[PDB]
Amino acid sequence: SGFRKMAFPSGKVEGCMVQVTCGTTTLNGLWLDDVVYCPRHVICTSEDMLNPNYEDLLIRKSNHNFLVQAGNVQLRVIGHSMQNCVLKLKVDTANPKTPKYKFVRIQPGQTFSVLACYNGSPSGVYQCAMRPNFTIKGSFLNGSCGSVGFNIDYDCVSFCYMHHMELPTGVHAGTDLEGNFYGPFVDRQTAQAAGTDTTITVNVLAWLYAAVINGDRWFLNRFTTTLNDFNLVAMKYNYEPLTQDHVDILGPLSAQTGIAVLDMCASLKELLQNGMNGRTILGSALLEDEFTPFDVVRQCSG
Amino acid sequence: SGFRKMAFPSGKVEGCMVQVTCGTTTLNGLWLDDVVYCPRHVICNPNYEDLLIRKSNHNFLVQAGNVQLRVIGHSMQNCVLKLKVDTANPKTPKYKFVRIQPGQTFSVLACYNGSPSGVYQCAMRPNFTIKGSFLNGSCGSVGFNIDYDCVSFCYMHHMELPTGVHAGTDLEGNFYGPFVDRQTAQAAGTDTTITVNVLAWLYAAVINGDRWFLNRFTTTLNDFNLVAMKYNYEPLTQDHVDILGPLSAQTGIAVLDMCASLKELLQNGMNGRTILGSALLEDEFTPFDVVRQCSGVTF
Ligand SMILES: CC(C)(C)Oc1ccncc1NC(=O)Cc1cccc(Cl)c1
Ligand SMILES: CC(C)(C)Oc1ccncc1NC(=O)Cc1cccc(Cl)c1
Ligand SMILES: [Cl-]
């Protein structure tokens, strides 16, 4: 019993964190096999940030300009290349702590653990979701760039995010491990704003099923809804549209609890209309949207 | 910017988790140097001295990854079983066994079959329970804090109470709370809110730009505690005020000034507003956690 926001154990990722320095700039790198991945903006001088020409800035650099530190050991950079917004620093030592890994690009609504790092040293681990507006509501200070987001499936680490910048609203933007930004963001100091964020509907429904699995049924009602009527209502509360894919994905949780997806949708519509009335669901006074259907099954079953 | 419920990096603890099997029961053990610590109920009105005397070393199957460890001795210390093994854990970190106070927070590395499954941050409630997330097989999972490179083990999971909350011991086997490791009628006492932690979280909200709850008012420690008693909040002591000093100095809001904001929040509610994305007052961040997260300390 119980339902917590749970991160993956970070050990496999901790043994990959290194410090990358270029000039006055220091940030984090991810050391996998003989390559260190880090944000390409490590080569920028802040005066470059408004309109940096990364290709022009990178061509002027040599391997010895990049200082990579893994613990108290300095690694030797033997090559460098840029892939989208990530810098790939070839090093002369393969990381003996390299876990079984994959680079995965996630969709909005997906969750992952973030190992926040400063100077190549892990400071903390927390759980995040890729917002529908492609930002993440993280906890990052200056020096956290290059910290990564991941999931662990069996003993394989799926790296899905690398931190690049903080937007003016306090939300965070980054890329997958191939350097492709999530969202319409660029690694430039130009005027950029996150789009209007919306609630991850499928995740709220998954969390309502988690509440039912844990014995909370107060919010259930005798109603059902069509998918279209649900979407017309949910859109008015800035909730993401619920698709047939989401309905299918919720099937296992519907079967386990005996509450049809459209029946749970009717409960959600009522919660949006009434609020909670001084009550809580799984210890929360707000509807939680950073638990996916997969997270609910994993945490409530194994 | 941002404020998250953050756990310590779990790596140093992951390299200590092993599976312990005795009879039909499988749970988790903590392998430090040549000893595996686990709940004594793995041998199960239980007379644990009598149950333990009937067990030989080879009855305890300890598995560290895909390697079976050989148990060369066994002894009980309070509610923890100490299984001496032939091999010292090469991954043993710098560690201490520490007993924490209610209100103190720690990270839990939830484990099943000696394999870490997740890490979450929680607090020792004033009623000595933890609102954790544990299923069958999670017993022996541990709670810890990390200071510099030293892991302070402070909790070992033993059982779930009927209300879904959890109970366990320190690493010396002493229960937190008036609990016993036996299938019997046990209930968690009435819980209260950790006041010093709510204040720390309000300072974290101010540091992150949320100030709507602030007011011009101040209060006395006695008047605040009279209000705190009414809302099932733990008494705030002069020690708590002193501990909040650094946050008070950084934000410019005196501790009793923040107390008057908290009193108004308790008597009037949030009124449709939120603080750090929460509609409830959060009490599972200590003043140290707020400073550590809003400064970026590393391990
Ligand atoms: C508080 C402050 C300085 C923004 O530091 C941060 C806080 C949290 N996460 C990241 C940073 N740093 C950056 O965003 C550096 C940067 C600036 C412009 C463009 C880019 Cl791509 C990167
Ligand atoms: C759901 C269920 C079976 C309680 O499993 C749990 C769920 C979460 N954390 C632990 C457990 N198991 C136990 O509590 C086993 C147990 C039973 C009686 C006495 C003791 Cl000391 C231990
Ligand atoms: Cl995805």
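Residues numbered from 1 in each chain as written, not as in the entry; some residues may be left out. Chains lettered and ligands numbered in written order. Heavy atoms only, no water.

## Looking at the overall build of chain B
Part 1 of the reasoning: Per the secondary structure count, chain B includes eight helices and 13 strands.
Part 2 of the reasoning: Compactness check: chain B gives a C-alpha radius of gyration of 21 Å against a globular reference of 19 Å for 299 residues, within 12% of the reference.
Part 3 of the reasoning: Taken over the C-alpha atoms alone, chain B extends approximately 70 × 40 × 30 Å along its principal axes.
Part 4 of the reasoning: Among the 299 residues that make up chain B, the fraction classed as buried is 55%.
Part 5 of the reasoning: When the accessible surface of chain B is totalled, it reaches about 12,700 Å², and 48% of it is carbon and sulfur.
Part 6 of the reasoning: Across chain B, the mean location of the 22 positive side-chain charges is 3 Å away from that of the 24 negative side-chain charges. (Helix = DSSP H or I, 4+ residues; strand = E, 2+ residues; numbered from the N terminus. Rg over C-alpha atoms; globule rule 2.2 N^0.38 Å. Buried < 20%, exposed > 50% of the residue type's maximum accessible area, 1.4 Å probe, protein only. Areas by Shrake-Rupley, 256 points an atom, 1.4 Å probe, with all protein chains shown as cover. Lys, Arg positive; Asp, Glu negative; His and termini not counted. Charge placed at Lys NZ, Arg CZ, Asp CG, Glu CD.)

## Structural notes on the site of ligand 1
Residues and elements named next belong to chain A.
Part 1 of the reasoning: If you check the shell around ligand 1, you find 13 residues, and the closest are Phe 140, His 163, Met 165, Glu 166 and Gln 189.
Part 2 of the reasoning: The separation between an oxygen atom of ligand 1 and a polar side-chain atom of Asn 142 is 3.4 Å.
Part 3 of the reasoning: In isolation ligand 1 offers 520 Å² of accessible surface; the protein chains occlude 76% of this area.
Part 4 of the reasoning: A class-by-class count of the residues in the shell around ligand 1 yields five nonpolar, six polar and two charged. (Near = heavy atom within 4 Å. Polar contact = N/O pair within 3.5 Å; in protein donor to acceptor, adjacent residues only side chain to side chain. Nonpolar A, V, L, I, M, F, W, Y, C, P; charged D, E, K, R; others polar.)

## Thoughts on the sheet that holds strand β3 (residues 35-39) of chain A
Residues and elements named next belong to chain A.
Part 1 of the reasoning: Here seven strands make up an open sheet; going across it, the order is β5-β4-β1-β2-β3-β7-β6 and the pairing antiparallel. Either end of the sheet is taken by a strand with one partner, and the two such strands are β5 (73-75) and β6 (77-83). On average, each strand axis in the sheet is tilted by 30 degrees relative to the strand beside it, whichever way the strands run.
Part 2 of the reasoning: Sheet analysis places strand β4 (residues 66-70) next to β5, joined by three bridges and oriented antiparallel. Its bridge partner being in β5, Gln 69 is matched across the sheet by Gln 74. (Pairing = 2+ DSSP bridges. Axes fitted to C-alpha atoms, helices over the stretch in contact; angles between N-to-C directions.)

## Observations regarding the domain arrangement of chain A
All names here are of chain A.
Part 1 of the reasoning: When cut into domains, chain A gives domain 1 (1-14 + 100-197), domain 2 (15-99) and domain 3 (198-301).
Part 2 of the reasoning: Each of domain 1 and domain 3 was reduced to a C-alpha centroid, and the two centroids are 25 Å apart.
Part 3 of the reasoning: Taken together, the contacts link 19 residues of domain 1 with 21 residues of domain 3.
Part 4 of the reasoning: Both faces combined, the contact of domain 1 with domain 3 buries some 1,500 Å², and carbon together with sulfur accounts for 53% of it. (Domains from an automatic or database assignment. Contact = heavy atoms within 4.5 Å. Buried area = accessible area lost by both parts, 1.4 Å probe.)

## Observations regarding the environment of A:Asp197
Residue and element names in this part refer to chain A.
Part 1 of the reasoning: The residue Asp 197 is located in the loop between β13 (172-175) and α3 (201-213) in this model.
Part 2 of the reasoning: When the C-alpha positions of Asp 197 and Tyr 239 are compared, they lie 8.9 Å apart, and in sequence the two are 42 residues distant.
Part 3 of the reasoning: Contacts of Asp 197, omitting those with residues within four sequence positions, involve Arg 131, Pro 132, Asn 133, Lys 137 and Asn 238.
Part 4 of the reasoning: In terms of polar contacts, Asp 197 uses its side chain to reach the backbone amide nitrogen of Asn 133, at 3.3 Å.

## Section: helix α4 (residues 227-236) of chain A
All names here are of chain A.
Part 1 of the reasoning: What α4 keeps buried is the set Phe 230, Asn 231 and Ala 234. Buried residues of α4, seen end-on, are gathered within an arc of 95 degrees and therefore sit on one face of the element. Away from the buried face of α4 by more than 90 degrees, exposed residues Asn 228 and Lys 236 are located.
Part 2 of the reasoning: Taken together, the buried residues of α4 touch α3 and α7 (261-274).
Part 3 of the reasoning: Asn 238 sits one or two residues past α4 and shows a positive phi near 60 degrees. (Arc of directions from axis to C-beta.)

## Focus: the nonpolar core
Part 1 of the reasoning: Ranked by size, the top nonpolar core spans 41 residues in total, and within it A:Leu30, A:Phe159, B:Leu30 and B:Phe153 carry the most contacts.
Part 2 of the reasoning: Apart from residues no more than four positions distant in its own chain, B:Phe153 is found in contact with B:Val13, B:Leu30, B:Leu32, B:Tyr95, B:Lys96, B:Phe97, B:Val98, B:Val142, B:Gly143, B:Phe144 and B:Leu171.
Part 3 of the reasoning: Core analysis: the second largest hydrophobic core is formed by 35 residues, A:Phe219, A:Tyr239, A:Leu250 and A:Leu268 among them. (Core = buried A, V, L, I, M, F, W, Y, C linked by side-chain atoms within 4.5 Å.)

## Here we look at the pairing of strand β7 (residues 80-85) of chain B
Put simply, side chains in a regular strand alternate between the two faces of the sheet.
Residues and elements named next belong to chain B.
Part 1 of the reasoning: Note: strand β3 (residues 35-39) against β7, five bridges, orientation antiparallel. From the neighbouring strand, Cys 38 faces β7, where its bridge partner is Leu 81.
Part 2 of the reasoning: Alignment of strand β6 (residues 71-77) against β7, held across six bridges, turns out to be antiparallel. Across the sheet, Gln 77 pairs through a bridge with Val 80, a residue of β7.
Part 3 of the reasoning: From the end of β6 to the start of β7, which pair antiparallel, there are two residues, and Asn 78 there has a positive phi angle of about 60 degrees.

## A short note on the domain arrangement of chain B
Residues and elements named next belong to chain B.
Part 1 of the reasoning: Here the domain parsing of chain B yields domain 1 (1-14 + 94-191), domain 2 (15-93) and domain 3 (192-295).
Part 2 of the reasoning: The C-alpha centroid of domain 3 is placed 25 Å from the C-alpha centroid of domain 1.
Part 3 of the reasoning: Contact between domain 1 and domain 3 buries roughly 1,500 Å² in total, counting both sides, with carbon and sulfur atoms accounting for 54%.
Part 4 of the reasoning: It is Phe 3, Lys 5 and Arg 125 that lose the most area in domain 1 upon contact with domain 3, and together they represent 42% of the buried surface on that side.

## A short note on the site of ligand 2
Residues and elements named next belong to chain B.
Part 1 of the reasoning: In the neighbourhood of ligand 2, 14 residues make up the surrounding shell, with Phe 134, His 157, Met 159, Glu 160 and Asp 181 lying closest.
Part 2 of the reasoning: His 157 has a polar side-chain atom sitting 2.7 Å from a nitrogen atom of ligand 2.
Part 3 of the reasoning: Residue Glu 160 places a main-chain N or O atom 3.1 Å away from an oxygen atom belonging to ligand 2.
Part 4 of the reasoning: Protein chains shield 72% of the accessible area of ligand 2, which is 510 Å² for the free molecule.
Part 5 of the reasoning: Broken down by element, the shell around ligand 2 gets its largest block of residues, four residues, from strand β12 (residues 150-160).
Part 6 of the reasoning: Its residues assigned to classes, the shell around ligand 2 shows four nonpolar, seven polar and three charged.

## Description of the packing of aromatic side chains
Within a pair of aromatic rings, the relevant descriptors are the distance that separates the centres and the angle that separates the planes.
Part 1 of the reasoning: Inspection of the entire model under this criterion finds 19 aromatic pairs over all chains.
Part 2 of the reasoning: Of the aromatic side chains, those joined through ring pairs into one cluster are A:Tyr37, A:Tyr101, A:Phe103 and A:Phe159.
Part 3 of the reasoning: Against the face of A:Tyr182 rests A:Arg105, its NZ or CZ located 4.3 Å from the ring centre.
Part 4 of the reasoning: Against the face of B:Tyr176 rests B:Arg99, its NZ or CZ located 4.3 Å from the ring centre. (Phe/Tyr/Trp six-rings, centres within 6.5 Å; stacked < 30°, edge-to-face > 60°. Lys NZ or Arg CZ within 6 Å of the ring centre and 35° of its normal.)

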